[PDB]
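Lettering of chains follows the sequences in order, A, B, ..., and the numbering in each one begins at 1. Scope of the values below: all heavy atoms of this structure, side chains included, with no hydrogens, waters or symmetry mates.
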Amino acid sequence: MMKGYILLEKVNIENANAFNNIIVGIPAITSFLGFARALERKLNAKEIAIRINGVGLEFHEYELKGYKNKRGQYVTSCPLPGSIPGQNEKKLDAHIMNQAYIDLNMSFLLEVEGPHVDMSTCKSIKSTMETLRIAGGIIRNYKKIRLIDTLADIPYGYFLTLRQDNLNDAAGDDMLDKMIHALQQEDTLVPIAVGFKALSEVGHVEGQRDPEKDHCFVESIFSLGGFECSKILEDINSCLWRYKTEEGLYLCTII
Amino acid sequence: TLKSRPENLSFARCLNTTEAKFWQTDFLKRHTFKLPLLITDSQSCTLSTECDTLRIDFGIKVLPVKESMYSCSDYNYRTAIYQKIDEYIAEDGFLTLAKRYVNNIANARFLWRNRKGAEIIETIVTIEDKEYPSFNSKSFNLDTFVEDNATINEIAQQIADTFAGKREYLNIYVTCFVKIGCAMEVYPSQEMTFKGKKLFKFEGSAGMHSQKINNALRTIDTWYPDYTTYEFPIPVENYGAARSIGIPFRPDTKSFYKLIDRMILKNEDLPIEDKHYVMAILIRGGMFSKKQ
RNA sequence: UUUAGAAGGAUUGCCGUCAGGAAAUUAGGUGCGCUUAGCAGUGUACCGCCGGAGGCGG
């Protein structure tokens with residue numbers, strides 16, 4: 001075919017990152033699209049031409065590593081540090097930095113467009129989803145990889161959508177006051193990270209991961225989001241995240 | 001101005017049948033002698049060693065049709081039904097259906113299974129204090145309906161007039177005499193004790209449930225779509241569903257629901273066969289309502 | 001090609017002693033359940049016969 005939709009159903013991830021400098025919780029959206037782009041790059045070296053241009057994120061259960069106190073607050077845990085490269089590397093006790101970890105069960109909805117979208121493509125995805133990670137976390141098991149046609153085959157769960165209107169339209173002098181007041185009015189919204197902004201100009205520095213590409217120093221940007229059930233969803237395009245790149249801005253938006 | 005059937009419409013039965021009680025007798029002394037016939041404990045039932053006849057007794061009460069509506073939540077639809085029944089009482093005085101009922105009495109269909117292998121069967125019908133000349137019951141067939149006997153006409157006229165107003169009630173009593181022979185099984189009815197074949201007992205003796213005797217006398221329908229292929233009378237049911245041949249014989253446009261919708265909710269003259277089926281369904285009774 | 005890539009929290013323990021819940025009460029008047037109906041796959045699987053398991057007569 002050409003266009004199509006593939007479901008990755010009930011994926012268990014253990015130990016994914018949950019810290020983005022102001023937020024402890026759901027991982028950033030860039031990692032969830034990075035899983036899809038890594039799946040595309042490994043499928044295109046096995047000579048199965050495909051292109052993923054949209055991801056849907058459905059949440060079925062979660063757990064945060066730690067415990068909940070009597071007062072109702074969350075205290076997080078960390079693994080014991082081992083040996084970290086640097087000056088104090090031959091010592092027996094290392095240092096403790098800032099970290100958080102989460103466990104998730106999720107289902108992914110991928111929009112693929114290639115020369116052939118059949119069940120052999122689903123088998124090729126099944127033989128490739130056992131070498132990748134999701135957000136720095138290992139994949140323990142999955143149920144099935146299948147093709148969907150309509151909005152009645154999608155299992156029960158809750159999707160994550162972008163709500164930027166409820167932020168730009170609230171009361172306050174600055175954006176952080178807008179976020180705090182918008183979270184006090186509606187109590188079903190969460191703050192999320194949605195990409196990066198630029199702090200420098202494109203060039204070549206010294207000390208890069210890949211020394212033959214273009215670099216730019218960046219800072220993360222944050223927004224608002226909320227949850228909507230599968231049975232109350234209108235279209236299958238109002239839950240699909242995509243990459244968008246302006247000049248100086250690296251974003252993920254549903255639009 | 002009628003758009004649909006009411007939210008509550010029900011009828012009652014205009015042919016009420018009692019339950020049967022089984023007796024044993026001899027044959028050349030049948031008009032002077034009777035004995036109990038009991039169940040022998042699976043259960044079973046057999047005659048004695050000195051009797052060769054099974055006597056089955058039951059009675060019927062006939063009621064008018066117009067005064068047999070139990071509920072109608074819309075006066076207009078009641079006025080429509082009463083006018084349509086008055087139209088049929090103008091054409092046919094309920095004689096065809098009643099002739100068919102007395103024919104099903106005379107063929108002795110009410111002796112299901114008890115009829116194979118009999119040697120002489122006779123059936124006497126009494127109305128008030130006058131006995132009617134008996135019936136040979138093996139000179140009749142279960143495919144044809146005789147219309148030129150004298151006593152069958154003379155009973156069906158009385159039943160007719162009372163289905164149509166001129167009399168308020170009719171009490172009919174029927175006795176039968178089946179000669180199967182000494183030490184032969186009986187075959188009475190069966191109870192859903194819901195193991196073993198638990199047989200029905202009525203006042204100590206044995207008998208048939210009144211519903212089986214009623215379902216034998218309502219097999220008068222020979223006006224269905226595919227009658228030329230399968231040529232046999234069926235019971236008068238709604239979505240016609242003779243249980244032996246497990247296929248609905250009227251699933252569609254000739255069903256009672258559609259046919260009465262196309263006679264009251266939108267005036268349209270049905271053929272006489274369809275009227276003869278609808279006025280029957282009304283003689284039987286049911287919860288002919290709707291889910292508005 | 002994912003704020004990428006890495007990680008042993010662990011050993012030990014005496015919560016205890018005492019005690020009056022208690023006095024008072026008005027749940028009450030009404031009422032249509034009700035049309036229809038067939039319980040069984042045959043009502044059981046019996047005597048023998050060959051023949052070292054598999055067969056055949058009535």
What nucleotide among [options] has an atom nearest to a side-chain atom of [X]?
{"X": "B/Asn214", "options": "C/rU1, C/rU35, C/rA37", "answer": "C/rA37"}
{"X": "B/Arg284", "options": "C/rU2, C/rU36, C/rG38", "answer": "C/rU36"}
{"X": "A/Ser31", "options": "C/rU3, C/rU36, C/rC34", "answer": "C/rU3"}

message = Considering only residues two or more places apart or on different chains, which pairs with a residue in residues 203-214 of chain A satisfy side-chain hydrogen bond (donor to acceptor under 3.5 Å, both in side chains)?
response =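 As it turns out, there is no side-chain hydrogen bond (donor to acceptor under 3.5 Å, both in side chains) pair with a partner in residues 203-214 of chain A once direct neighbours are skipped.
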For [X] and [N], what is the distance between atoms [atom1] and [atom2] respectively, to the nearest whole Å?
{"X": "A/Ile26", "N": "C/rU2", "atom1": "CD1", "atom2": "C1'", "value": "16 Å"}
{"X": "A/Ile138", "N": "C/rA6", "atom1": "CD1", "atom2": "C1'", "value": "14 Å"}
{"X": "A/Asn20", "N": "C/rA4", "atom1": "CG", "atom2": "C1'", "value": "13 Å"}
{"X": "B/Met287", "N": "C/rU35", "atom1": "CE", "atom2": "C1'", "value": "6 Å"}
{"X": "B/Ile81", "N": "C/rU35", "atom1": "CD1", "atom2": "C1'", "value": "13 Å"}
{"X": "B/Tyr187", "N": "C/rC39", "atom1": "OH", "atom2": "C1'", "value": "16 Å"}
{"X": "B/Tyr70", "N": "C/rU36", "atom1": "OH", "atom2": "P", "value": "9 Å"}
{"X": "B/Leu15", "N": "C/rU36", "atom1": "CG", "atom2": "P", "value": "12 Å"}

Counting the atoms with a prime plus P, OP1 and OP2 as sugar-phosphate, which does [X] contact under 4.0 Å by heavy atoms, base, sugar-phosphate, or nothing?
{"X": "B/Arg13", "value": "sugar-phosphate"}
{"X": "A/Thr30", "value": "sugar-phosphate"}
{"X": "A/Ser220", "value": "base"}
{"X": "A/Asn17", "value": "sugar-phosphate"}

Between [M] and [N], how far apart are the [atom1] atoms? Round to whole Å, please.
{"N": "C/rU42", "M": "C/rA37", "atom1": "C1'", "answer": "26 Å"}
{"N": "C/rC47", "M": "C/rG57", "atom1": "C1'", "answer": "12 Å"}
{"N": "C/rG58", "M": "C/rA45", "atom1": "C1'", "answer": "15 Å"}
{"N": "C/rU35", "M": "C/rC39", "atom1": "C1'", "answer": "24 Å"}
{"N": "C/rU44", "M": "C/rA40", "atom1": "P", "answer": "15 Å"}
{"N": "C/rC34", "M": "C/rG29", "atom1": "P", "answer": "25 Å"}

Residues which pass side chain to side chain contact (heavy atoms under 4.5 Å, CB included) with [X], listed by chain and number, not counting sequence neighbours:
{"X": "B/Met69", "result": "B/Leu9, B/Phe11, B/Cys72, B/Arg78, B/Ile81, B/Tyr82"}
{"X": "B/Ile220", "result": "B/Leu97, B/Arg100, B/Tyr101, B/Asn104, B/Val236"}
{"X": "A/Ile13", "result": "A/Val11, A/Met106, A/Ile134"}
{"X": "B/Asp274", "result": "B/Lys254, B/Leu259, B/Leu270, B/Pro271"}

Please list, for nucleotides 7-9 of chain C, all pairs of protein and nucleotide N/O atoms separated by less than 3.5 Å.
| unit_1 | atom_1 | unit_2 | atom_2 | d |
| --- | --- | --- | --- | --- |
| C/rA7 | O2' | A/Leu80 | O | 2.6 |
| C/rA7 | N3 | A/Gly82 | N | 3.2 |

Would you tell me if any nitrogen or oxygen in the side chain of [X] comes within less than 4.0 Å of OP1 or OP2 on [N]?
{"X": "A/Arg133", "N": "C/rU1", "answer": "no"}
{"X": "B/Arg218", "N": "C/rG38", "answer": "yes"}
{"X": "B/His209", "N": "C/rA37", "answer": "no"}
{"X": "B/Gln211", "N": "C/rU36", "answer": "no"}
{"X": "B/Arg113", "N": "C/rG38", "answer": "no"}

How about [N] and [M]: do their bases stack, with centres under 5.5 Å and planes under 30 degrees?
{"N": "C/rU44", "M": "C/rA45", "answer": "no"}
{"N": "C/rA37", "M": "C/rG38", "answer": "no"}
{"N": "C/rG31", "M": "C/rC32", "answer": "no"}

Can you tell me if the sugar in [N] is north or south, using the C1'-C2'-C3'-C4' torsion?
{"N": "C/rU12", "result": "north"}
{"N": "C/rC18", "result": "north"}
{"N": "C/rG52", "result": "north"}
{"N": "C/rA6", "result": "north"}
{"N": "C/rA4", "result": "north"}

Is [N] in the syn range, within 90° of 0, or in the anti range?
{"N": "C/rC39", "result": "anti"}
{"N": "C/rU30", "result": "anti"}
{"N": "C/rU12", "result": "anti"}
{"N": "C/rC49", "result": "anti"}

request  = Whenever both distances are under 3.5 Å in a Watson-Crick or G-U wobble pair, mark it; put RNA chain C into dot-bracket that way, with [ ] for crossing pairs and | when the partner is on another strand.
outcome  = .............................................(.(((...))).)
task = To the nearest 0.5 angstrom, please state how far the CZ atom of B/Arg284 sits from the CG atom of B/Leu15.
result =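 One finds 13.0 Å between CZ of B/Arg284 and CG of B/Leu15.
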query = Using the ring of each side chain (for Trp, its six-membered ring), is B/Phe232 parallel, tilted or perpendicular to B/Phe249, with breaks at 30° and 60°?
reply =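 Rings of B/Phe232 and B/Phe249: tilted, 30 to 60°.
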query = Are B/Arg113 and B/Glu185 close enough for a salt bridge, meaning some N to O gap below 4.0 Å?
reply =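 Salt bridge flag = no for B/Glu185 with B/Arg113.
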Those residues that, when tested against B/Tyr88, pass ring pair (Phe, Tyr, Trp, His ring centres under 6.0 Å) (two or more places apart) =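 Partners of B/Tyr88 under the ring pair (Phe, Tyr, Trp, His ring centres under 6.0 Å) test: B/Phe94, B/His276.
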query = Looking just at side-chain N and O atoms, do B/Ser210 and B/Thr17 make a donor-acceptor pair shorter than 3.5 Å?
reply =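 No - no donor-acceptor pair under 3.5 Å links their side chains.
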ask   = If we ignore angles and hydrogens, is there a donor and acceptor under 3.5 Å between the side chains of B/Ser71 and B/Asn8?
value =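 Looking only at side-chain atoms, B/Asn8 and B/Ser71 do form a donor-acceptor pair, the distance falling under 3.5 Å.
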Pairs flagged by salt bridge (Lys or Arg N to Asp or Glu O under 4.0 Å) wherever residues 215-224 of chain B is involved - sequence neighbours left out =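 For residues 215-224 of chain B, and leaving out neighbouring residues, the salt bridge (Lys or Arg N to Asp or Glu O under 4.0 Å) pairs sorted by first residue read B/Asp221-B/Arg250.
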message = Before we go on, tell me: are the rings of B/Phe22 and B/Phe202 under 6.0 Å apart, centre to centre?
response =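 B/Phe22 vs B/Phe202: aromatic centres not under 6.0 Å.
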